[PDB]
Each structure stands twice: as C-alpha cells, then as structure tokens.
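Below you will find one chain, with nothing else, as structure tokens; this is the form deposited in one PDB entry, and questions on how it binds or moves follow later.
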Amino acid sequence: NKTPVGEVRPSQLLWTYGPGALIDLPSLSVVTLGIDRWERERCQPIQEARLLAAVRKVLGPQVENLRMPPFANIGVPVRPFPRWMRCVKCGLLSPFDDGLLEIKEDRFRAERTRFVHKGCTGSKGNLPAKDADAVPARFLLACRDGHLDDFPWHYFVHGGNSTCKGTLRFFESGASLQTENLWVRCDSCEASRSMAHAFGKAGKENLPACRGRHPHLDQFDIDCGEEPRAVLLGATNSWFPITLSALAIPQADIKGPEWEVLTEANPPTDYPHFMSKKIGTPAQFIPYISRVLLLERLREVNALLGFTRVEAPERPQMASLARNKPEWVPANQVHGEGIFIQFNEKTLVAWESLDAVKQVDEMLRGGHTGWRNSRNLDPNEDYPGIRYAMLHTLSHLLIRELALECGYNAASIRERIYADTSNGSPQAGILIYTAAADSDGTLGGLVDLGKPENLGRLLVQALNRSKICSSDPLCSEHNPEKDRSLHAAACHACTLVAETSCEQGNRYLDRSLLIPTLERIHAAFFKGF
C-alpha cells in the first residue's frame, strides 16, 4: 500500500511545508494530510503550561498536550497533488487515476521514485511502446477562503460544458523567447486556446466557479462565495502559517511578565536556563541607552495553530487542522541565547512632542484607517503607535547589519519588540536571539558582539548605510494615505528581511523616524550619526 518518498528536517514542519502545503520534491509533489491521521502516541510531549493557557484560550478548552513531530513505515503521511500530469516525449495530458500512468519505485532507495507514462508510442503513435518520464502540471486554481483545486482544463479548452472525451496536448507556442504564450490543443475536436486568457481581468469572463475542496482533509464544502484565482505551481502566496510563541521565565498577556522580569534590578539566577550579564554601554550612545543585558542561557517554545492561503493574516479566514476541534497541536523548542537593549524614558517622551512626529503619526493613522476599511473591519482599533514603528524599524536595520558584517546566514536570528504604553507601565526595548538550535553563533558567538567595543560599531555602520536607498527618490516621496499602504519610505531594497524573522509581517515601518532622509529632516531620533 504505502511507500517512502523522501525526508526533510523537522524544524521546517512549523514554518515551511506542514499540513495543507505543497512540497516540491525533486520528482513530484505531495500535500501533507491533516493531524487527525497522525500517530498520536509516537509524538513526545513538551511541557510549557504558560503557552498552553493561551492555546486553550484561542482554540477552546478541549486541547490537551503540545507534541513534537514524530520519529520502516513510520513517518509523515502524504498524498500526491496535483493529479494532472504531462508526458515530456509526446506532450499528452491526462490525470493520474485514468490508468495511463504507472509508478516506478524502489522501497529501499526511495529517492529515485517517479511516475512514467506507460507504453509511450510518441505523438503519432509510431515509436516503440516504452515507459517515458512525466512532469506534473504547472497551473492550479486558488481561492481566498482557503480552498485549493486543480486547473479545469476540460472546461477551459472547450469554453464550457462539453461532450468530447479526447486527448489533450501541450506546446511551447513555437518561438523560443516567449514564455507568455502557451497552447492547449485537442486531438479530436481540433480546437485550441491559449493560457494567457486566464490571467488579468480576462479570468473573470472565462474561469468557472470555486468548488470548495480541502485536499488535505479530503472533503468538499457545500458552497463558496469567493471569486477564484489562477496561480502558478510553487507560488510564494500559496501557504502562510499562524504561529504563537512564548519564553521560559521563572515564576494576563504573554509579553507582560517578560518585561517585568527583564527590567528588575537583580535578575534571578536559580532557573537552570536563565543566566544574564550586565556588560556596559557604548560611549556614543550614553543619553539614549540605559541598560544592556546579555543573555547566555535562554529557552523558547513555539506552536502552530492554523493557516491561510492567499493573503497574510491580519478570524474567518483560518483553516482548521482537523475535522473536529483538535485535541493536540504541534510544538517545537529551541535552546539559545539573546541580547536585550533598554532605552531611556525621558528622551522618548521628549521626542514624541515634536511637530514632525505628529505629522508622520497622522499620516500613518490615515493610511491605517484606509487599509482597514477596504476589508470591512473596524478602523478605530489596533493601532500600535509611532514608537512601535520607530523600534520596529531599528530592529530590522540591526538584523540586516548583523548579516552584512559578520557573514551570518539570514534566517538565523529572530526579533521581539516590547512597545506597549496603554496599561500605565510603559515599555521600550527590543530583543534579539537565535532562531534554530544549529544556526550560526549558537555556541557563544552572539554574546561576543554584546561588548561595548562591537555594538557601537554595529549601530554606527547600520545608521550610516541607511541614508540613501537604492530607489531613493520615489521611496522617500511615498505617501501611505493615498494607496492605503501600511508602510512609508521602506521598500524591499532597504528595510525588509526573510519571512521567518519578522513578528508582524513587514508592516509599520518608517526609516525617517530614525535619521534625516531626503524629504523629512526634523523627525529624526538620532542626530549627527
């Protein structure tokens, strides 16, 4: 019945691939099944009650444990997707379950396993009958509400419902330079159509309605009201996760007690995974920075709670992991080390009263109000503030400078920003730590940079480079109120990082709040650097 295909590292199972995603294996592609078909008793539980109290609060009081990914027939169950494939030699297009395709496999060397077209005789049927290699189709249909399905070739090639049952062909449209032109040809009705008609606004006239399929759960919904979309195979906008995390502290919001513990005059040292040092402060940054704390033993846990398909999460758009309300959710833990930086209160309170800061805050609030009303949400809520944007920009610049100077890998370092000001206990600080247990600098390589002779270097070299962007004139002139954007003066070329590291997902960013740019000057926080 079952057969192995391949293997991956288990750190990916909560960030890339996982339930409902398309795994691009070297020979084919699969979709991971839901967690209700997983081996419950081969998943080692992980103990963290503080994260459990929030997971229960979001997904209901029936959740029991947080469990690790499992470890000859033991593994992660998958199922092939998409089901329509194309033969290379003859160009024939047929679904797998019609019988014309058969599988060649080895149960001891399962990396070589791939599909072949059984008894190929060529396009004209003159070649000898031999198995020939085949390639999966390169187009899919996506829905906003969460549904995924194969491309409807039969509906598209005949312009509607049809009677014909003949074979289909694929072509490269003759010319070499063209990737935009592709042809689908019917062998029996002799009709043809182009793949260019399914994109742009032309897709609304031609493409049919959504069906409501969940490939990982193997179910069909009754009805769907969303307009479908044509999407390439392996696109970046196909799967986004929903994650929640917390830190292990000695002993109701998650971030509250962490800020309480980290700002104590004497940090505790009795817990086995908590040890801190108090190494100085650079001489150029005396008035701004009040305390730098280096952490040499730190522990973090994570969780996976759901996913969405086309757009990033802001909850009607979340897709469940099981048919019922699930009893357990996956988990992951990493032992690492971090650096904490605290800023001066009075310098921030004085800087908030300048006029240009109020102008930029009004512009960003207008852009936020424009952005929330386009999706029928309440526009009078969820503004983090202007201090959040300032700290969030400084964090991204520092993380980029870490990779530019020391030669680190990009996805090795995560971030965490403390900026609440509404509960009478104002917060100001960022936290930078390692992402995985096998990344760069895990053996004391990050606490090395926490000395006063290196952190000031890093900050100066970060602030000097950010003065001119590579698309500078139109970048500084960008107005978030006109186009309902949630960012200003921060494009891909000067601010943003990989999707693993960011906490909010590349929102609320403004480099003019830090240093004087070409159009805002008086709104800066660091002067003369």
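Take the two forms, find the largest set of C-alpha atoms that superpose within 1.5 Å, and that set is the rigid core. Each residue number is its position in the shown sequence, starting from 1.
The next section is about a form of this same protein that is not shown, the form deposited in another entry.
- Shift analysis on the rigid core between the shown form and the other one singles out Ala175 from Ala175, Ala350, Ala265, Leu443 (C-alpha displacement of 2 Å or more).
- Relative to the superposed core, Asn373 undergoes a Cα shift smaller than 2 Å between the shown form and the other one.
- Annotation for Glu453: C-alpha shift under 2 angstroms between the shown form and the other one, rigid core superposed.
- With a cut-off of 2 Å and the rigid core superposed, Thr243 has a Cα displacement that falls short of the cut-off between the shown form and the other one.
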